[PDB]
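Novice: Here is my input; please provide its structure:
(one chain, ligands or ions: 1)
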Amino acid sequence: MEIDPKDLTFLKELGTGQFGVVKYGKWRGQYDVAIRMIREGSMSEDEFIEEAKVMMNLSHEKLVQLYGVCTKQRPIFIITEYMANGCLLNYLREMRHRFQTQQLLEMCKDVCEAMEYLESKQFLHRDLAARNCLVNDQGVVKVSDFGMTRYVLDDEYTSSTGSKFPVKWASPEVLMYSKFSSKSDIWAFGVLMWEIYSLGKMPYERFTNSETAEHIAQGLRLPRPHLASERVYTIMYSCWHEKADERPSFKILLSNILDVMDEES
Ligand SMILES: Nc1ncnc2c1c(-c1ccc(Oc3ccccc3)cc1)nn2[C@@H]1CCCN(C(=O)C2CC2)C1
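Specialist: Numbering: from 1, shown residues only. Next up is the structure itself:
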């Protein structure tokens, strides 16, 4: 819903992100919130606003809840749930030896649940990666920056050959056909699981983007992480089938995850 800045407070700077500056603050006094001030010239604003209204109506425990926006001024403000531990990539790296495989599988269950809810709303992420996931005060992982890439103006960020495109999270049909689907979000989720169990290593760290794309096209798949059991690897590997229809939905994935977690008890 629209928010009157009268009801917001700026209390601390959290840093500038990929899609504009972000600050920590309080909404209506009692609500811990993270206020993003969108950059200017980066997004198709009207379209972006309408999609913001759609992502505002999305609610789920494992989705960074969106509380509102301030759009009748510029820069647009986006008021979101405050995730105290920041991006999942750095949470993974700072607490590298501070994790047990039970916690890793939990973070994957968290993400998979959020993506199964996004799947059921016919809403695509288009850029699922650890750098777009956040961690709260209790250690739970939640997805964020979902659907943001549909409205980015920089063609480097959007085109298949753009210098900033996340090829290393992209399915073959996204690199070759630009055919984003829930199956491409599933491929990306597979890569994300690999990030988690790798404790935040860059997939295909030393391959150039082109080299990665071609290797993927010819059958290359990420190596089983050291911290991944053969069952976890089987699960993240099923996301990376060459044929899109052969990949399991997020629901079937969540079921497999809970079966393995139960057997990991
Ligand atoms: N909420 C938050 N809490 C805490 N830090 C947050 C954030 C957001 C954020 C704000 C608004 C959002 O708007 C959305 C939400 C969902 C979908 C689309 C847009 C989505 C995310 N960004 N940052 C930080 C910003 C700079 C770098 N960061 C670090 O941690 C540094 C230590 C590495 C993360």
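
Novice: what sits against the one residue in the stretch 151-265 of the chain that gets nearest to the ligand?
Specialist: The nearest approach of the stretch 151-265 of the chain to the ligand comes at residue 151, 10.4 Å away (Cβ to the nearest ligand atom). Backbone N, C-alpha and C define where each C-beta goes, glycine included. With contact taken as Cβ atoms under 8 Å, 6 or more residues apart in numbering, residue 151 is in contact with 43, 44, 47, 48, 51.

Novice: In CSV, list these along with distance to the ligand, neighbour count and secondary structure.
Specialist: Shown next, in CSV, are the contacts of residue 151 (distance: Cβ to the nearest ligand atom, whole Å; neighbours: other Cβ atoms under 10 Å; DSSP: H, G, I helix; E, B strand; the rest coil):
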residue, distance to the ligand, neighbour count, secondary structure
43, 11, 22, strand
44, 15, 13, coil
47, 14, 11, helix
48, 10, 23, helix
51, 9, 18, helix
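
Novice: what number of residues lie near whichever residue of the stretch 101-250 of the chain sits closest to the ligand?
Specialist: Nearest residue of the stretch 101-250 of the chain to the ligand: residue 144, at 4.1 Å (Cβ to the nearest ligand atom). Residue 144 is flanked by 21 other residues according to other Cβ atoms under 10 Å.

Novice: circling back to that earlier point, roughly how far does the residue nearest to the residue of the stretch 151-265 of the chain closest to the ligand when sequence neighbours are not counted sit from residue 55?
Specialist: The shortest distance from residue 151 to any non-neighbouring residue, by Cβ to Cβ, 6 or more residues apart in numbering, is to residue 48 (4.2 Å). To residue 55, residue 48 is 10 Å away according to Cβ to Cβ, to the nearest Å.

Novice: same question, residue 108
Specialist: 23 Å.

Novice: ok so, going back, if I read this right, the residue of the stretch 101-250 of the chain closest to the ligand contacts residue 78, doesn't it?
Specialist: No. Residue 144 lies out of contact with residue 78 (Cβ atoms under 8 Å); the separation is 10.5 Å.
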